[PDB]
Each structure stands twice: as C-alpha cells, then as structure tokens.
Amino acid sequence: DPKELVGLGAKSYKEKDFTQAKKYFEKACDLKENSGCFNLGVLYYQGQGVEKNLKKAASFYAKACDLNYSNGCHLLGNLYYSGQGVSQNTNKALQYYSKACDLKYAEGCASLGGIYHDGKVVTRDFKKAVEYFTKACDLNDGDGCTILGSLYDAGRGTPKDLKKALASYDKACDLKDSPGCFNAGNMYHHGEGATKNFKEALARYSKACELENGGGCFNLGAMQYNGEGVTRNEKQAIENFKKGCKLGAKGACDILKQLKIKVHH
C-alpha cells in the first residue's frame, strides 16, 4: 500500500496536481516509505503544493535518510555543505555524504572525494580523495573515474600508475565522459599506460569528438592529417578541425587558417 501510495503521488505530480501529490506523499511517508518522505521534501524545496520552505524540505530529506534512502542523505549533505535551508555545517555534510556513499550512491562518494581533494572546507587529503573517487568510479560515476584517472597519472594519494590511470579514463569513456575519452586517447597515442596504438587512440578521439569534445575532434583531425591512425586523409580531417574549433579547440582554429589552400574561381 505505501509503495502504491507513492505511485499515486508521482502520477498526480506529473499532472501538476501538487495538492493531491502532497497528500499521497504525506501518507506514504507516515507509513515509512522512504521515497515518499524524499518526494515530500522535494515539494517543500520547490514550493509545489505548499509554500516553499527549505528547512522543512531538509527535515523530510533527513527522514528519508533515516529510512535509508541514499538520495535523501546526499541532498541533505548538499544542504549542510552550502548552508542552504539549514545552517552551514561541514561536519554534518561529511556525515550525510558518507552515509549516501555507504548506501552506494555514487554522487555521495564523489562529493567526498572532491572535498578532500580541493581541501577548502577540510585539510586536503589526496589519500582520501583517491579512496572516495575509487568508490565513486566503482559505482559508475563517470566524472569520478576521470578525476581518479588524473590522481593515478599524477601519483597523488596513490602510487603513480599510468596503467591504472588509463583504465580509469577508459571506464570514464565507457561511461560517456568525453574528458575521459580524450585523456584515454592521448595515452594510447603517446604509449602511456599501454603500448602505442593509433587504432585505439582513433576510437577514443572519435568517441570524445562525438560527445562534443573540442580537443577530441582536434586531436582526431591531427591523426588523419598525418595518416597516423588510419591510412591518410585531409579533406575529412579538416572537417573535424572545424568542429574542434567550433567547440573551442584553439589549435583547430589556427590550423584551419593555414589549410585555406584551394583552387579559386
């Protein structure tokens, strides 16, 4: 029944019948349905079906977190971190992010890795940053894998290991993180973390370029312009160069200015 109540509330929510949605979520949360409490918190946060009040939203996220709804722990972590809805409190933020992470919520692990990595609200700790980003990456957080990749490459908080760096970037690439495909391509093109393989670098750069990564299209164009990866091609390599420049790849813009050699009429 409680599960069904949340479903009815979600349906009313989609129809923008926030009043009824609130009634269903209230009933579900009273019956200890964690997603019901969470959704109720969202309504107070957005002022939908009720006057906006982020402090009340926080109390409902707290109820959801007590009922082990990882997403509830994470948003509460964000509220304490920024002092939104409740007073700023780093200690509590770390506490809630940590539970979200223990409950397998990738973003929670990522937030913690980012905090210990930047060392703004806490003393920088690359060691912990690696541990949390390792958890985030194992939980499929694309950006987390990429950051973890950079830690392995730099050897911060962990032994410098180009092979692990590449694996992280590669996974990040599978997770659709273009920066990951970019770095992965670079390593494959420079023979770092693995034997030089223009073929692999080509696939990486292509995926990165497809994901709208400027440097991805640019480096991909250079591959073709020098016939490194594939056979050889300039009329199509200049195509990727334009896209790179469009996406922001400066090297692509300039290089394009020197490839303006064509028969005129």
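The numbering used is simple: start at 1 and walk along the sequence shown.
Stretches compared: 162-170, 107-115. Higher mean C-alpha B-factor in the entry: 162-170. Stretches 121-129 and 98-106 differ in mean CA B factor, with 121-129 having the higher one. Annotation for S59, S70, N197, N34: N197 ranks highest, by Cα B-factor. Take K92, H74, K135, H190 and read off each C-alpha B-factor from the entry; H190 has the highest. When the modelled residues of the chain are ordered by their C-alpha B factor, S178 lands in the middle third. Ranked within its chain, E51 lands in the lowest third, by CA B factor from the PDB record. Looking at the C-alpha B-factors along this chain, the one for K242 belongs to the highest third.
Looking at the C-alpha B-factors along this chain, the one for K16 belongs to the lowest third. Sort the chain's modelled residues by C-alpha temperature factor and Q88 lands in the lowest third, per the entry.
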